[PDB]
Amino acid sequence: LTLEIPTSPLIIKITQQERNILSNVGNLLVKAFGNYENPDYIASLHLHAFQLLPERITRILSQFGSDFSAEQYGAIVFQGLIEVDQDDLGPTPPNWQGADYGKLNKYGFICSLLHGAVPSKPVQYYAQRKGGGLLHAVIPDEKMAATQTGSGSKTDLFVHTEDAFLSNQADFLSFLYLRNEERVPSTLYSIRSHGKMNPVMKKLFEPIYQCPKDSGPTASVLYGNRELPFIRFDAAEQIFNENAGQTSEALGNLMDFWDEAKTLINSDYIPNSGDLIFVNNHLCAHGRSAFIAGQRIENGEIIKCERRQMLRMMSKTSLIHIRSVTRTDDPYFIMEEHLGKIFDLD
């Protein structure tokens, strides 16, 4: 049988009963542990994940965790994982620093269980908001509108795997949409959409590429299995950056790759409130189209709306492997700065 090349993510329609289970489990964990960063909760995370998640989610995520086959896209859309009460959530804060984690506590529990069922362990990075906790609120900040960050809006966020500049980048990501009233499409790009290993892709296994953090060590864009590889890629940071410092050969290879890759980008899915996108950060890159925060256009008219709000959680399947880059007193806190180099604070 000829290979069925994946061009889009797996879509799971979460049922009302599953949504009810998740809500009650979220509430129980809040009462039992206070918050999702409780060391007793984190230490018994996988036990809580397999015992408390709706069983179909547990089966999906378990299958996904160990699936690096030719058929695997590397992303799952869980449609309507949660019901967001928009009025209780109230207005979106001016930036991520104004997020009410007391209100997002239950969501943090739900997201950590999803990672826990992979199985994978939520982690935080000093490279991202000086850690900023296991759960990040991704909000369009008017001051950062034209930036190539999660606090951006007016500009296209070109496809990238999270933290391509780190040797210990996240294994898994979850993006929980609380609101997307601007109807911003989610953009995904899978290395598996290319199909069979070709000459353009083979050049990416060479450890000759700059992975700029946002004289420098170089890394491979493709790694892992030679036939069915893993990817570390950031189009904006490695290609569309004058200060990337790529060699003539490396830039050519990346340009050739980008030409082939850009035709495979999937921007079909527009997330709704309560959808969660779950990603294997070694298989699938993500991005977001340009938008004006707090508005959408319908019939050539501007409809004012509440500003985009999404929750991001990152995880690693092994605490052992990352142990030389984590805090002595916190094996879930990654202190890596750039491709092996650790942040030198004092």
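So that the term is clear: the rigid core is the largest set of C-alpha atoms that superpose within 1.5 Å between two forms. Start at 1 and count along the sequence shown; that's the residue number.
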| Rigid core superposed, root mean square over structures and residues, which stretch has C-alphas farther from this form in 4 other deposited structures of this protein, 156-164 or 133-141? | 156-164
| request: Using what the record says, work out whether there is a hole in the model between residue 259 and residue 260 and how many deposited residues it spans (none, 1 to 3, 4 to 9, 10 or more). | output: none
| field | Residue range whose averaged C-alpha B-factor is higher in the record, 90-98 or 169-177 | value | 90-98
| Going by the B-factors listed in the PDB entry, is the mean over the C-alpha atoms higher for 119-127 or for 244-252? | 244-252
| query | Out of 275, 163, 71, 214, which one has a C-alpha B factor higher than all the others in the entry? | reply | 214
| query | Per the PDB entry, which option out of 147, 225, 79, 112 has the greatest Cα B factor? | reply | 147
| said: Please say which third, lowest, middle or highest, residue 304 falls into when its CA temperature factor is compared across its chain. | reply: highest
| Third assignment of residue 52 from its chain's C-alpha B-factors | middle
| query | Lowest, middle or highest third: where is residue 285 by C-alpha B factor in its chain? | reply | lowest
| query | What third of its chain's C-alpha B-factors does residue 230 belong to: lowest, middle or highest? | reply | lowest
| message | Looking at the temperature factor on the CA atom of residue 138, which third of the chain's modelled residues does it land in? | response | middle
